[PDB]
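J.: experimental structure and sequence below.
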Amino acid sequence: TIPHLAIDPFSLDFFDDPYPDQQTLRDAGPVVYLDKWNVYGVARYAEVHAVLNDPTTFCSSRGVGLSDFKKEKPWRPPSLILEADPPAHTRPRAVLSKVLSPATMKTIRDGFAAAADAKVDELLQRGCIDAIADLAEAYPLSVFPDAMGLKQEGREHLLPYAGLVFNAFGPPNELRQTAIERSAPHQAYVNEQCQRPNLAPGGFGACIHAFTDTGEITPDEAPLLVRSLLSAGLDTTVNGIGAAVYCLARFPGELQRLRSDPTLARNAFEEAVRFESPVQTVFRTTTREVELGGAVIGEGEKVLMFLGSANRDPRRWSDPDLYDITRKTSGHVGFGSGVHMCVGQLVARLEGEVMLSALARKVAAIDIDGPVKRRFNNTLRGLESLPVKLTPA
Ligand code: HEM
Ligand SMILES: O=C(O)c1ccc(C2CCCCC2)cc1
Ligand SMILES: [Cl-]
(Lines give C-alpha, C1' and ligand atoms only; values in the text may rest on other atoms or scores of the structure.)
(Ligands and ions follow the chains in the order given, each with its own letter.)
Protein backbone atom coordinates (compact mmCIF):
# COMPACT_ATOMS: atom_id res chain seq x y z
CA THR A 1 0.00 0.00 0.00
CA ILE A 2 2.82 2.38 0.94
CA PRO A 3 5.25 2.97 -1.96
CA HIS A 4 8.90 2.10 -1.31
CA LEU A 5 11.54 4.40 -2.81
CA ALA A 6 15.32 4.06 -3.01
CA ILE A 7 15.84 7.84 -3.02
CA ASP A 8 18.48 8.83 -0.48
CA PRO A 9 17.50 12.35 0.66
CA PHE A 10 20.89 12.64 2.41
CA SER A 11 23.01 11.82 -0.66
CA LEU A 12 25.22 14.44 -2.27
CA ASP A 13 23.38 14.08 -5.58
CA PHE A 14 20.12 14.85 -3.77
CA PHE A 15 21.61 17.92 -2.06
CA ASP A 16 22.97 19.12 -5.40
CA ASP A 17 19.47 19.28 -6.91
CA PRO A 18 16.66 18.05 -4.62
CA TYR A 19 13.67 19.30 -6.58
CA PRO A 20 13.05 16.44 -9.05
CA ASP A 21 13.36 13.85 -6.28
CA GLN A 22 11.15 15.95 -4.01
CA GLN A 23 8.42 15.94 -6.66
CA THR A 24 8.87 12.17 -6.96
CA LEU A 25 8.46 11.90 -3.19
CA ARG A 26 5.32 14.07 -3.22
CA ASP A 27 3.72 12.38 -6.23
CA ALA A 28 4.43 8.81 -5.07
CA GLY A 29 1.80 9.22 -2.34
CA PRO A 30 1.07 11.11 0.88
CA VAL A 31 3.33 8.69 2.79
CA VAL A 32 6.37 6.87 1.40
CA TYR A 33 8.85 4.39 2.83
CA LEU A 34 12.54 5.17 2.28
CA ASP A 35 14.23 1.77 2.03
CA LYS A 36 17.66 3.42 2.23
CA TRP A 37 17.21 4.35 5.89
CA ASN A 38 14.08 2.44 7.01
CA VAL A 39 12.01 5.54 7.76
CA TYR A 40 8.66 6.83 6.63
CA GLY A 41 8.68 10.02 4.60
CA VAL A 42 6.09 12.73 4.03
CA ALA A 43 6.83 15.38 1.41
CA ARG A 44 3.45 17.07 0.85
CA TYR A 45 2.42 20.18 2.75
CA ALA A 46 -0.70 18.58 4.23
CA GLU A 47 1.02 15.61 5.89
CA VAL A 48 4.05 17.64 6.99
CA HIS A 49 1.74 20.16 8.65
CA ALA A 50 -0.34 17.39 10.23
CA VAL A 51 2.70 15.63 11.71
CA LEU A 52 4.19 18.84 13.10
CA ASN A 53 0.90 19.67 14.86
CA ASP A 54 0.43 16.25 16.52
CA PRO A 55 3.32 16.21 19.02
CA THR A 56 1.69 13.49 21.15
CA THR A 57 1.69 10.94 18.33
CA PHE A 58 4.81 12.28 16.56
CA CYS A 59 7.10 13.02 19.49
CA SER A 60 10.47 14.78 19.63
CA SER A 61 11.92 13.26 22.83
CA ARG A 62 13.19 10.25 20.88
CA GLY A 63 15.19 12.61 18.65
CA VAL A 64 14.40 14.80 15.64
CA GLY A 65 17.21 13.21 13.64
CA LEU A 66 17.38 9.71 12.22
CA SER A 67 18.67 8.24 15.48
CA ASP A 68 16.05 6.94 17.93
CA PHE A 69 17.13 7.94 21.44
CA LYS A 70 15.28 4.86 22.73
CA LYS A 71 17.69 2.65 20.72
CA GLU A 72 20.94 4.65 20.57
CA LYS A 73 22.74 7.07 22.83
CA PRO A 74 22.40 10.71 21.69
CA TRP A 75 25.68 12.12 20.45
CA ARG A 76 25.29 14.80 23.15
CA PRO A 77 22.90 15.22 26.10
CA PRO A 78 19.41 15.85 24.71
CA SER A 79 18.26 19.41 24.22
CA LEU A 80 15.81 20.44 26.93
CA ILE A 81 13.56 22.07 24.31
CA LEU A 82 14.07 20.64 20.81
CA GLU A 83 14.32 17.04 22.03
CA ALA A 84 11.60 17.24 24.69
CA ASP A 85 7.84 16.79 24.53
CA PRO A 86 5.11 18.53 26.52
CA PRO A 87 4.97 18.90 29.42
CA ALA A 88 8.75 18.81 30.01
CA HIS A 89 9.06 21.00 26.90
CA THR A 90 6.69 23.69 28.09
CA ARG A 91 8.59 25.72 30.68
CA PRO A 92 11.99 25.67 28.94
CA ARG A 93 10.14 26.80 25.82
CA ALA A 94 8.49 29.64 27.74
CA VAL A 95 11.85 30.84 29.07
CA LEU A 96 13.44 30.96 25.61
CA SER A 97 10.31 32.71 24.33
CA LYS A 98 10.64 35.40 27.01
CA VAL A 99 14.39 35.66 26.41
CA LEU A 100 13.85 36.16 22.67
CA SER A 101 10.80 38.35 23.22
CA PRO A 102 9.45 41.38 21.37
CA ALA A 103 10.88 43.56 24.15
CA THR A 104 14.31 42.02 23.59
CA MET A 105 13.97 42.62 19.85
CA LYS A 106 13.19 46.28 20.52
CA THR A 107 16.36 46.59 22.60
CA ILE A 108 18.64 45.15 19.90
CA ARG A 109 16.96 46.25 16.65
CA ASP A 110 18.82 49.53 16.19
CA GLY A 111 22.22 47.91 16.67
CA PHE A 112 21.27 45.03 14.39
CA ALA A 113 20.17 47.49 11.69
CA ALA A 114 23.24 49.70 12.06
CA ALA A 115 25.51 46.66 11.68
CA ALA A 116 23.58 45.59 8.57
CA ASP A 117 23.89 49.02 6.97
CA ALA A 118 27.57 49.13 7.93
CA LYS A 119 28.27 45.71 6.38
CA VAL A 120 26.54 46.64 3.11
CA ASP A 121 28.43 49.95 3.03
CA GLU A 122 31.67 48.04 3.63
CA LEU A 123 30.86 45.47 0.95
CA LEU A 124 30.00 48.19 -1.58
CA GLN A 125 33.53 49.57 -1.16
CA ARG A 126 34.91 46.22 -2.35
CA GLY A 127 32.29 45.74 -5.07
CA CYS A 128 33.12 42.09 -5.80
CA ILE A 129 32.49 40.01 -2.68
CA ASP A 130 31.51 36.49 -1.64
CA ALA A 131 27.91 36.76 -0.46
CA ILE A 132 28.43 33.78 1.86
CA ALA A 133 31.66 34.39 3.78
CA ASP A 134 31.48 38.18 3.45
CA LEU A 135 27.75 38.70 4.10
CA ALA A 136 25.61 35.69 5.03
CA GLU A 137 28.29 34.55 7.47
CA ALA A 138 29.92 37.88 8.31
CA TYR A 139 26.75 39.75 9.27
CA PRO A 140 25.35 37.21 11.78
CA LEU A 141 28.85 36.78 13.19
CA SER A 142 28.86 40.56 13.77
CA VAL A 143 25.64 40.70 15.85
CA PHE A 144 24.61 37.31 17.23
CA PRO A 145 27.66 36.31 19.34
CA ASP A 146 27.63 39.78 20.89
CA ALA A 147 23.89 39.54 21.51
CA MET A 148 24.55 36.19 23.21
CA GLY A 149 27.10 37.82 25.50
CA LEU A 150 29.98 35.65 24.25
CA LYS A 151 33.59 36.65 24.70
CA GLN A 152 35.64 37.34 21.59
CA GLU A 153 38.02 34.40 21.91
CA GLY A 154 36.88 31.09 20.45
CA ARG A 155 34.01 32.33 18.27
CA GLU A 156 35.58 30.42 15.37
CA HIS A 157 34.05 27.29 16.96
CA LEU A 158 30.46 28.48 16.49
CA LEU A 159 29.88 27.64 12.83
CA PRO A 160 31.78 24.32 13.03
CA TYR A 161 29.71 23.29 16.06
CA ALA A 162 26.51 24.25 14.24
CA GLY A 163 27.53 22.29 11.15
CA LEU A 164 28.12 19.37 13.51
CA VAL A 165 24.72 19.75 15.17
CA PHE A 166 22.94 19.81 11.82
CA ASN A 167 24.97 16.98 10.30
CA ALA A 168 24.25 14.93 13.43
CA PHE A 169 20.50 14.98 12.72
CA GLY A 170 21.21 12.99 9.57
CA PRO A 171 21.86 9.30 9.06
CA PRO A 172 25.24 7.74 9.86
CA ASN A 173 26.76 8.69 6.51
CA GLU A 174 30.22 10.19 5.92
CA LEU A 175 28.99 13.75 6.54
CA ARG A 176 27.78 12.77 10.01
CA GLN A 177 30.69 10.50 10.91
CA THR A 178 33.25 13.11 9.84
CA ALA A 179 31.45 15.86 11.78
CA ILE A 180 31.38 13.80 14.97
CA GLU A 181 35.01 12.76 14.48
CA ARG A 182 36.09 16.43 14.65
CA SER A 183 33.60 17.51 17.32
CA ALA A 184 35.61 17.47 20.56
CA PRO A 185 37.17 20.99 20.48
CA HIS A 186 33.93 22.60 19.31
CA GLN A 187 31.84 20.84 21.97
CA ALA A 188 34.34 21.84 24.66
CA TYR A 189 34.22 25.52 23.69
CA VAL A 190 30.43 25.64 23.41
CA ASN A 191 29.75 23.81 26.67
CA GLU A 192 32.12 26.12 28.56
CA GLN A 193 30.53 29.30 27.21
CA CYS A 194 27.15 28.09 28.53
CA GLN A 195 28.25 28.65 32.14
CA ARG A 196 26.81 31.76 33.77
CA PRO A 197 30.14 33.57 34.47
CA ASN A 198 31.07 33.42 30.76
CA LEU A 199 27.99 35.28 29.46
CA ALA A 200 28.20 39.06 29.46
CA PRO A 201 25.54 41.17 31.21
CA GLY A 202 22.38 41.98 29.29
CA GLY A 203 22.80 39.36 26.56
CA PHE A 204 20.67 36.34 25.75
CA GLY A 205 22.86 33.95 27.74
CA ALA A 206 22.76 36.02 30.92
CA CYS A 207 18.99 36.40 30.48
CA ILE A 208 18.51 32.62 30.43
CA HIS A 209 20.53 32.29 33.64
CA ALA A 210 18.54 35.11 35.25
CA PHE A 211 15.35 33.11 34.53
CA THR A 212 16.43 30.28 36.87
CA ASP A 213 14.46 31.45 39.93
CA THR A 214 10.86 31.60 38.67
CA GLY A 215 10.07 27.89 38.92
CA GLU A 216 10.18 27.46 35.14
CA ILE A 217 13.80 26.26 34.95
CA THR A 218 16.44 25.53 37.55
CA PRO A 219 20.03 26.82 37.42
CA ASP A 220 21.29 23.43 36.20
CA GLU A 221 18.97 23.73 33.18
CA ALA A 222 20.30 27.12 32.07
CA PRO A 223 23.58 25.89 30.49
CA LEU A 224 21.79 23.50 28.12
CA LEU A 225 19.31 26.23 27.14
CA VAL A 226 22.22 28.52 26.32
CA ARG A 227 23.50 25.53 24.34
CA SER A 228 20.24 25.57 22.37
CA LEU A 229 20.88 29.14 21.21
CA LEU A 230 24.54 28.46 20.41
CA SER A 231 23.39 25.42 18.41
CA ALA A 232 20.42 26.85 16.50
CA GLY A 233 20.95 30.61 16.57
CA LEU A 234 23.75 31.28 14.07
CA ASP A 235 24.11 28.78 11.21
CA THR A 236 20.36 28.98 10.60
CA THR A 237 20.45 32.73 9.98
CA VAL A 238 23.58 32.37 7.84
CA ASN A 239 21.68 30.08 5.49
CA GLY A 240 18.50 32.14 5.77
CA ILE A 241 20.27 35.35 4.76
CA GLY A 242 22.33 33.45 2.20
CA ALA A 243 19.12 32.07 0.72
CA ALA A 244 17.62 35.56 0.45
CA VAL A 245 20.69 37.04 -1.25
CA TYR A 246 20.89 34.05 -3.61
CA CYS A 247 17.23 34.64 -4.48
CA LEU A 248 17.74 38.35 -5.13
CA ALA A 249 20.84 37.58 -7.20
CA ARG A 250 18.90 35.14 -9.39
CA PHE A 251 15.63 37.12 -9.67
CA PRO A 252 16.62 40.72 -10.46
CA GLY A 253 12.97 41.59 -11.05
CA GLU A 254 12.34 40.95 -7.36
CA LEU A 255 15.38 42.95 -6.26
CA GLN A 256 13.93 45.81 -8.30
CA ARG A 257 10.57 45.50 -6.56
CA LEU A 258 12.32 45.39 -3.18
CA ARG A 259 14.32 48.53 -4.01
CA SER A 260 11.10 50.32 -4.97
CA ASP A 261 9.55 49.48 -1.57
CA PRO A 262 12.01 48.61 1.21
CA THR A 263 9.09 47.78 3.53
CA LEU A 264 8.87 44.52 1.55
CA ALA A 265 12.16 43.48 3.19
CA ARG A 266 10.55 41.35 5.90
CA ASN A 267 8.35 39.41 3.48
CA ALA A 268 11.15 39.11 0.91
CA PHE A 269 13.12 37.29 3.62
CA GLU A 270 10.12 35.18 4.65
CA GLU A 271 9.65 34.20 1.00
CA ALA A 272 13.33 33.26 0.80
CA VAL A 273 12.87 30.96 3.79
CA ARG A 274 9.96 29.27 2.02
CA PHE A 275 11.69 29.22 -1.36
CA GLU A 276 15.04 27.76 -0.27
CA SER A 277 13.97 26.27 3.09
CA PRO A 278 17.41 26.45 4.76
CA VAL A 279 16.28 23.75 7.19
CA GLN A 280 15.30 20.98 4.78
CA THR A 281 14.21 18.15 7.04
CA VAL A 282 13.08 17.18 10.53
CA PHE A 283 12.23 13.79 12.03
CA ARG A 284 9.63 12.67 14.53
CA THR A 285 9.10 9.29 16.19
CA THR A 286 5.66 7.71 16.51
CA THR A 287 4.55 6.96 20.07
CA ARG A 288 1.67 4.74 18.89
CA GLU A 289 0.22 3.10 15.82
CA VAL A 290 -1.20 5.94 13.73
CA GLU A 291 -3.01 6.39 10.42
CA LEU A 292 -1.36 8.98 8.17
CA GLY A 293 -2.47 9.44 4.57
CA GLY A 294 -4.04 5.99 4.34
CA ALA A 295 -0.92 4.29 5.73
CA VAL A 296 -0.80 2.50 9.09
CA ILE A 297 2.47 3.49 10.76
CA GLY A 298 3.43 1.41 13.77
CA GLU A 299 4.78 2.58 17.10
CA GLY A 300 8.40 3.64 17.37
CA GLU A 301 8.85 4.48 13.68
CA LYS A 302 10.91 7.41 12.45
CA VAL A 303 9.02 9.85 10.23
CA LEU A 304 10.97 12.22 7.98
CA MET A 305 9.30 15.53 7.10
CA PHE A 306 10.48 17.34 3.96
CA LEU A 307 9.96 20.97 4.96
CA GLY A 308 11.44 22.27 1.73
CA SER A 309 9.21 20.00 -0.35
CA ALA A 310 6.15 21.04 1.65
CA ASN A 311 7.09 24.66 0.90
CA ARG A 312 7.07 23.92 -2.86
CA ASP A 313 4.04 21.62 -2.91
CA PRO A 314 1.75 22.83 -5.74
CA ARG A 315 -1.17 21.36 -3.78
CA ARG A 316 -0.66 24.26 -1.33
CA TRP A 317 1.18 26.99 -3.27
CA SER A 318 0.59 28.75 -6.57
CA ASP A 319 3.76 28.84 -8.69
CA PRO A 320 5.73 27.32 -5.79
CA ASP A 321 8.98 27.43 -7.78
CA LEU A 322 8.80 31.21 -8.23
CA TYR A 323 10.41 33.65 -5.81
CA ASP A 324 7.70 36.25 -5.12
CA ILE A 325 8.43 38.82 -2.41
CA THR A 326 4.76 39.86 -2.18
CA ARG A 327 3.51 36.28 -1.82
CA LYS A 328 1.26 35.60 1.15
CA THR A 329 3.84 33.41 2.89
CA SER A 330 1.86 32.76 6.09
CA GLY A 331 1.66 29.03 6.70
CA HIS A 332 4.98 27.93 5.22
CA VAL A 333 6.77 25.36 7.36
CA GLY A 334 10.29 26.79 6.99
CA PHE A 335 10.24 27.68 10.70
CA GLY A 336 8.23 24.61 11.64
CA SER A 337 4.70 24.63 12.99
CA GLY A 338 3.01 23.96 16.30
CA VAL A 339 4.55 23.75 19.76
CA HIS A 340 8.17 23.49 18.52
CA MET A 341 7.83 26.23 15.90
CA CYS A 342 11.10 28.19 15.87
CA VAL A 343 11.35 30.00 19.20
CA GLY A 344 14.05 32.23 17.71
CA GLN A 345 12.06 33.28 14.65
CA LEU A 346 11.90 36.90 15.84
CA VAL A 347 15.71 36.99 15.84
CA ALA A 348 15.87 35.27 12.45
CA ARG A 349 13.34 37.65 10.92
CA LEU A 350 14.99 40.71 12.48
CA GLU A 351 18.39 39.87 10.97
CA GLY A 352 16.91 39.01 7.59
CA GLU A 353 14.73 42.12 7.52
CA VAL A 354 17.46 44.62 8.41
CA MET A 355 19.91 43.04 5.95
CA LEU A 356 17.40 43.04 3.10
CA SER A 357 16.50 46.62 4.07
CA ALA A 358 20.16 47.66 3.82
CA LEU A 359 20.39 45.98 0.41
CA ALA A 360 17.11 47.54 -0.73
CA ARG A 361 18.28 51.06 0.11
CA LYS A 362 21.95 50.81 -0.90
CA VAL A 363 22.35 48.27 -3.74
CA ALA A 364 21.15 48.70 -7.32
CA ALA A 365 22.24 45.33 -8.72
CA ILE A 366 23.44 41.94 -7.49
CA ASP A 367 25.14 39.95 -10.26
CA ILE A 368 26.69 36.53 -9.81
CA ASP A 369 30.21 36.87 -11.20
CA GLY A 370 31.96 33.67 -10.16
CA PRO A 371 31.51 29.92 -9.67
CA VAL A 372 28.69 29.11 -7.27
CA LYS A 373 29.67 26.33 -4.86
CA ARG A 374 27.09 24.47 -2.79
CA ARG A 375 27.63 23.47 0.84
CA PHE A 376 26.61 19.93 1.76
CA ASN A 377 24.98 19.25 5.13
CA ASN A 378 22.55 16.56 6.22
CA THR A 379 19.95 19.11 7.34
CA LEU A 380 20.92 22.58 6.06
CA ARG A 381 20.62 23.73 2.45
CA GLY A 382 22.84 26.63 1.44
CA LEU A 383 25.89 27.71 -0.49
CA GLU A 384 29.58 27.53 0.34
CA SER A 385 30.48 30.42 -1.98
CA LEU A 386 28.40 32.98 -3.88
CA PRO A 387 30.59 35.45 -5.79
CA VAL A 388 28.58 38.58 -6.62
CA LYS A 389 29.27 42.09 -7.81
CA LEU A 390 27.29 44.68 -5.85
CA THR A 391 26.41 47.83 -7.77
CA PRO A 392 25.67 50.80 -5.49
CA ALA A 393 22.32 52.55 -5.84
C1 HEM B 1 16.20 31.28 9.01
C2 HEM B 1 16.50 31.03 10.29
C3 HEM B 1 15.88 29.84 11.05
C4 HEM B 1 15.19 28.81 10.55
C5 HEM B 1 14.86 28.54 9.06
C6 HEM B 1 14.79 27.95 11.65
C7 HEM B 1 14.07 26.78 11.57
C8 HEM B 1 13.55 26.09 12.65
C9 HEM B 1 12.60 24.99 12.60
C10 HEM B 1 11.99 24.38 11.32
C11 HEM B 1 12.36 24.59 13.86
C12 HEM B 1 11.41 23.44 14.27
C13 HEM B 1 12.20 22.20 14.66
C14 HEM B 1 11.24 21.07 14.97
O15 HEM B 1 10.01 21.26 14.77
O16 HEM B 1 11.70 19.99 15.41
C17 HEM B 1 13.15 25.43 14.75
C18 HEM B 1 13.19 25.33 16.12
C19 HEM B 1 14.04 26.02 16.95
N20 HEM B 1 14.81 27.12 16.61
FE21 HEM B 1 14.82 27.99 14.74
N22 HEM B 1 15.27 28.51 12.81
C23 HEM B 1 15.94 29.68 12.49
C24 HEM B 1 16.56 30.54 13.37
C25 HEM B 1 16.71 30.36 14.73
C26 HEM B 1 17.32 31.29 15.66
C27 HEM B 1 17.92 32.65 15.28
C28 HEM B 1 17.27 30.74 16.88
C29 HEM B 1 17.79 31.33 18.22
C30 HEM B 1 18.27 32.57 18.30
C31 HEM B 1 16.63 29.46 16.77
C32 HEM B 1 16.38 28.58 17.80
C33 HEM B 1 15.51 27.52 17.74
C34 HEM B 1 15.16 26.62 18.82
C35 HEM B 1 15.70 26.70 20.27
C36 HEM B 1 14.29 25.73 18.35
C37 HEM B 1 13.61 24.60 19.15
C38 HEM B 1 12.25 25.14 19.57
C39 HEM B 1 11.40 24.11 20.25
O40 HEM B 1 11.74 22.89 20.21
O41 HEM B 1 10.36 24.51 20.84
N42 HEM B 1 16.29 29.26 15.45
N43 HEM B 1 13.86 26.33 13.98
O1 LIG C 1 20.08 22.56 20.85
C2 LIG C 1 18.91 22.85 20.52
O3 LIG C 1 18.02 23.03 21.39
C4 LIG C 1 18.55 22.97 19.04
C5 LIG C 1 19.49 22.63 18.08
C6 LIG C 1 19.17 22.72 16.74
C7 LIG C 1 17.92 23.17 16.36
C8 LIG C 1 17.59 23.26 14.88
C9 LIG C 1 17.05 24.66 14.56
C10 LIG C 1 16.63 24.74 13.10
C11 LIG C 1 15.64 23.63 12.75
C12 LIG C 1 16.15 22.24 13.08
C13 LIG C 1 16.59 22.16 14.54
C14 LIG C 1 16.98 23.51 17.32
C15 LIG C 1 17.30 23.41 18.66
CL1 LIG D 1 27.62 19.13 22.36
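T.: Sure thing, it's come through. Residues are numbered from 1 along each chain as shown. Ligands and ions are numbered 1, 2, ... in the order given.

J.: how about residue 65: what's its closest non-neighbour residue?
T.: residue 169 (3.4 Å; C-beta to C-beta, 6 or more residues apart in numbering). For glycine as for every other residue, the C-beta is placed from the backbone atoms N, C-alpha and C.

J.: for the one you found, the count of nearby residues, please.
T.: Residue 169 has 23 neighbouring residues, counting by other C-beta atoms under 10 Å.

J.: list the residues that contact it.
T.: By C-beta atoms under 8 Å, 6 or more residues apart in numbering, the contact set of residue 169 is 64-66, 281-283, 378-379.

J.: now with 7 Å, please.
T.: 64-65, 378-379 (C-beta atoms under 7 Å, 6 or more residues apart in numbering).

J.: how near is it to ligand 1?
T.: Using C-beta to the nearest ligand atom, to the nearest Å, residue 169 is found at 9 Å from ligand 1.

J.: verify the contact between residue 65 and residue 172 for me.
T.: No - between residue 65 and residue 172 there is no contact under C-beta atoms under 7 Å: 10.2 Å.

J.: which of these two has more neighbours?
T.: Taking other C-beta under 10 Å, residue 65 and residue 172 do not tie; residue 65 has more neighbours (25 against 14).

J.: that one belongs to a helix?
T.: No - assigned with DSSP: H, G, I helix; E, B strand; the rest coil, residue 65 falls outside any helix and is coil.

J.: for it, phi and psi?
T.: Torsion angles at residue 65 (phi, psi; degrees, to the nearest 10) stand at phi -100, psi -170.

J.: distance of residue 96 from residue 150?
T.: From residue 96 over to residue 150 the distance is 17 Å, taken as C-beta to C-beta, to the nearest Å.

J.: over to residue 381?
T.: 26 Å.

J.: tell me the contacts of the residue in the stretch 101-250 of the chain that ligand 2 sits nearest to?
T.: The minimum distance from the stretch 101-250 of the chain to ligand 2, using C-beta to the nearest ligand atom, falls at residue 228 (3.1 Å). Residues near residue 228 by C-beta under 7 Å, 6+ apart: 79, 81-82, 96.

J.: sorry, back to before: dump the contacts of residue 169 to TSV, plus distance to residue 53.
T.: Listed next are the contacts of residue 169 as TSV, based on distance: C-beta to C-beta, whole Å:
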residue	distance to residue 53
64	15
65	20
378	24
379	21
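
J.: tell me the one among those residues nearest to ligand 3.
T.: residue 65 (13.6 Å; C-beta to the ion).

J.: report the contact partners of that closest one.
T.: With C-beta under 7 Å, 6+ apart, residue 65 has these contacts: 168-170, 283.

J.: what about residue 200, how many residues close to it?
T.: For residue 200, the number of neighbouring residues by other C-beta under 10 Å comes to 13.

J.: so it makes contact with residue 149?
T.: Yes - between residue 200 and residue 149 there is a contact under C-beta under 7 Å: 3.7 Å.

J.: quickly list what's touching both of those two.
T.: Looking at what touches both residue 200 and residue 149 (by C-beta under 7 Å, 6+ apart), the common residues are residue 206.

J.: now the closest residue to ligand 1 within the stretch 201-350 of the chain, nearest residue through space, not along the chain?
T.: Closest approach between the stretch 201-350 of the chain and ligand 1, counting by C-beta to the nearest ligand atom: residue 344, at 2.2 Å. Once flanking residues are discounted, residue 344 sits nearest to residue 100: 5.4 Å by C-beta to C-beta, 6+ apart.

J.: who's in contact with the closest residue to ligand 3 within the stretch 101-250 of the chain?
T.: Using C-beta to the ion, residue 187 is the residue of the stretch 101-250 of the chain that sits closest to ligand 3, at 4.1 Å. Residues near residue 187 by C-beta under 7 Å, 6+ apart: 76, 161.

J.: for it, pull up the helix or strand it's in.
T.: Element membership of residue 187 [criterion: DSSP states H and E] is helix 184-193.

J.: immediately after that helix, which helix or strand?
T.: helix 204-210.

J.: distance between the following helix or strand past that following helix and the chain's centre?
T.: Using DSSP H and E, the helix or strand that follows helix 204-210 in sequence is helix 222-232. Its chain's C-alpha centre and that of helix 222-232 lie 15 Å apart, by C-alpha atoms, centre = their mean, to the nearest Å.

J.: also stretch 81-96?
T.: For stretch 81-96, the distance from its own C-alpha centre to the chain's C-alpha centre is 18 Å (C-alpha atoms, centre = their mean).

J.: kind regards, and thank you for your time.
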